[PDB]
Amino acid sequence: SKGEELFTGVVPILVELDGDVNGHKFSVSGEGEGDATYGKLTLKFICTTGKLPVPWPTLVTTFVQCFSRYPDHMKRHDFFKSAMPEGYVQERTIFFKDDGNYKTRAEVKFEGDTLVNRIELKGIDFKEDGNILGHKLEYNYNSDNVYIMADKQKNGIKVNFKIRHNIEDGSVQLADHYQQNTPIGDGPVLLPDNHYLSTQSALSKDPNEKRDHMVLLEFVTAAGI
């Protein structure tokens with residue numbers, strides 16, 4: 005249940021985002037593959053409109069939790085795969101402490117054999133010379149644990165978690181995330197007991213790529229039950 009079966013091998017992934025942060029318009033395309041059996045994601049994103057007006061790490065959480073590795077004993081709490089292939093809607097508000105906020109709306113679903121994440125991102129109230137529009141964030145990412153809770157009312161899940169981005173001066177730029185997911189289908193889905201997803205993310209660059217981009221490798225495992 006139910007995308008369960010859809011995820012037993014390596015699945016191609018496509019990500020497309022249209023963004024507007026303080027009027028700075030930009031688009032990003034990402035490609036790669038996920039192997040949920042190992043909770044592994046490998047992806048390369050390209051800013052297709054010239055330079056990315058925000059730091060790449062600020063976009064990682066926005067750029068497919070159905071690739072998390074759910075231990076066999078926890079399969080019944082895997083809301084993400086259960087919503088497939090029809091997919092789910094994912095919305096967030098990300099408040100950057102002492103700075104602006106991003107509001108995103110994405111749909112994650114299969115297109116044939118490819119798992120697609122299409123997102124619209126809107127950012128407002130950013131400080132022109134703050135850590136974001138001013139690009140003062142280091143190109144790295146910290147590991148973390150986010151707590152997935154069922155949202156029985158909408159038959160989806162909700163998550164509230166903090167991401168800390170390292171600032172070049174040694175300090176931290178907090179990004180408080182509030183997320184809610186609901187199934188696209190009318191299809192049944194599995195509602196989970198509370199548990200965590202533990203993620204680790206490594207960012208890198210493609211020595212041969214001249215466009216603004218980001219190479220991302222992640223491993224994610226569910227636990228807490």
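Letter 225 of the sequence shown, counting from 1, is numbered 229 in our numbering, and no numbers are missing. For each residue, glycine too, the CB sits at the ideal point set by N, CA and C.
So residue 33 is in the beta strand (DSSP E); what residue range does that whole segment cover?
28-39
Measure from the alpha carbon of residue 210 to the alpha carbon of each residue in 221, 204, 108, then state which is nearest.
221
Please name the residue or residues paired with residue 16 in a DSSP beta bridge.
Partner(s): 37.
Comparing alpha-carbon positions, which option in 8, 128, 99, 202 lies nearest residue 87?
8
In angstroms, rounded to a whole number, what distance separates the CA positions of residue 138 and residue 128?
C-alpha separation (whole angstroms): 14 Å.
Start-to-end residues for the alpha helix (DSSP H) that takes in residue 85
Element bounds for residue 85: 83-86.
Whole-angstrom Cβ separation of residue 108 and residue 66, contact assumed at under 8 Å?
Here residue 108 really is in contact with residue 66; their C-beta atoms are around 5 Å apart, less than 8 Å.
Taking just the CA atoms, how far does residue 163 sit from residue 181?
Residue 181 and residue 163 have their C-alpha atoms some 8 Å from each other.
Assuming contact is defined by CB atoms lying nearer than 9 Å, are residue 212 and residue 153 in contact in what I supplied?
No; because the gap between Cβ atoms is not below 9 Å, this pair is not in contact.
Residue 192 to residue 115, Cα distance in whole Å?
Cα-Cα distance, rounded: 20 Å.
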